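Okay, so here's just one chain, in structure tokens, the form solved without adenosine monophosphate.
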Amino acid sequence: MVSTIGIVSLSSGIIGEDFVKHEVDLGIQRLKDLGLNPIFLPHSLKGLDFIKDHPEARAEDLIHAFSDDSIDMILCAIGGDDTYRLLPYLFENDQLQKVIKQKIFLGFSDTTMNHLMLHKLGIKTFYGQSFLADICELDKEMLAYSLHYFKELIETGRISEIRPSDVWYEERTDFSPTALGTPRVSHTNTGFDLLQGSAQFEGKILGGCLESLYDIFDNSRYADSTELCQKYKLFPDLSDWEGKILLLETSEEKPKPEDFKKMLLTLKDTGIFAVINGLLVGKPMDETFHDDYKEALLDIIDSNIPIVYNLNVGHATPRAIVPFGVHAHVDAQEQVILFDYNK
């Protein structure tokens, strides 16, 4: 019985900018048609500059979203690259833990950091879509495959299974008003690609955007990312990772193959690939460096660890939604991932 959906800006504040107005109205109408009543949290529409300079305000919006019993679901507006800055405002005095309640939380990319924050507090979240990226798809309707998962989530509170899309789409090259009502360029999608290891494996899924996870360990983007993430122990320990399935997906930054490898090896050094039950990897945006990443994965990760590539999760389109913290059964041969809420 999800009815009210609260939209939050925890990363970029672009959603409140004048030029995005029509897109926002488009998404609002789509949410209404699905049986929902959208509300924007108090700071979420204040714009680029305000949101950038007030991570504490973003945190206050998140705290309110989780503590307000009239809000049934929380949807991230859009990603960015600096939501790690919210950490002290959520954890230094257990501000979020004190008032948090289990309810649907959906986002991706920079939101990976928020997913890890919520994991720390025992909250089961949902990865892979956001308001501007998916609900405000510029074509006449939302992408059918993306809609399938969003509709299922809002109607049932869960995702039961993921199957590959029939098609995938390129990122647009026109973002002016002439883009409205036009389709993205599409291509046939060939399904889950078992790179190595068992076609079947199981466990709860956790992870997200590779570039985001990298900033837990490397401070090149922001000098204090590693300090803050270590201070608040954001990265799960090995006992936590053991027997889980890791999700990785690459962003619009399209990391060059050398950098993709660097990032994988930084994770490998933690022991994560040694304790997980398998690895799921999303299709890169535009399939950029698709074959290079496949070769890098095969080279770096021991061949007894299962890896399934080409998931329609992450920055390519369309986009499935992945429950985190829910036992999953992967079967690459049968092109399906099942979720068991009673295991």
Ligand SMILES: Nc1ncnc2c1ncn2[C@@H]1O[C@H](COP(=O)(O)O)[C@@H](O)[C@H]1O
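Take the two forms, superpose them, and find the largest set of C-alpha atoms that agree within 1.5 Å; that set is the rigid core. Shifts are known only where both forms have a C-alpha. Heads up: residue numbers just count along the shown sequence, starting at 1.
Absent from the display: the form solved in complex with adenosine monophosphate. The rest refers to it.
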Inset, instruction - Flag residue 155 as yes or no: does it have a non-hydrogen atom within 4.5 angstroms of any non-hydrogen atom of adenosine monophosphate in the bound PDB entry? - result: no
Inset, instruction - May I ask you to check whether residue 20 falls inside a 4.5 Å heavy atom distance of adenosine monophosphate in the bound PDB entry? - result: yes
Inset, instruction - Look up in the bound PDB entry whether residue 132 has a non-hydrogen atom within 4.5 angstroms of adenosine monophosphate, and give yes or no. - result: yes
Legend entry - Contact test in the bound PDB entry: residue 301 vs adenosine monophosphate, heavy atoms, 4.5 Å: no
Legend entry - Of 225, 165, 109, 114, the one that lies within 4.5 Å of adenosine monophosphate in the bound PDB entry (heavy atoms): 109
Inset, instruction - Check each of 206, 71, 78, 263 and return the one that places a heavy atom within 4.5 angstroms of adenosine monophosphate in the bound PDB entry. - result: 78
Legend entry - adenosine monophosphate in the bound PDB entry: contacting segment from 268-276, 236-244, 168-176, 146-154, heavy atom within 4.5 Å: 168-176
Legend entry - Any residue of 292-319 that, in the bound PDB entry, places a heavy atom within 4.5 Å of adenosine monophosphate: 315, 319
Inset, instruction - Enumerate, in order of sequence, every stretch of at least three consecutive residues present in both forms where each C-alpha is displaced by 2 angstroms or more between the shown form and the other one, superposition done on the rigid core. - result: 302-304
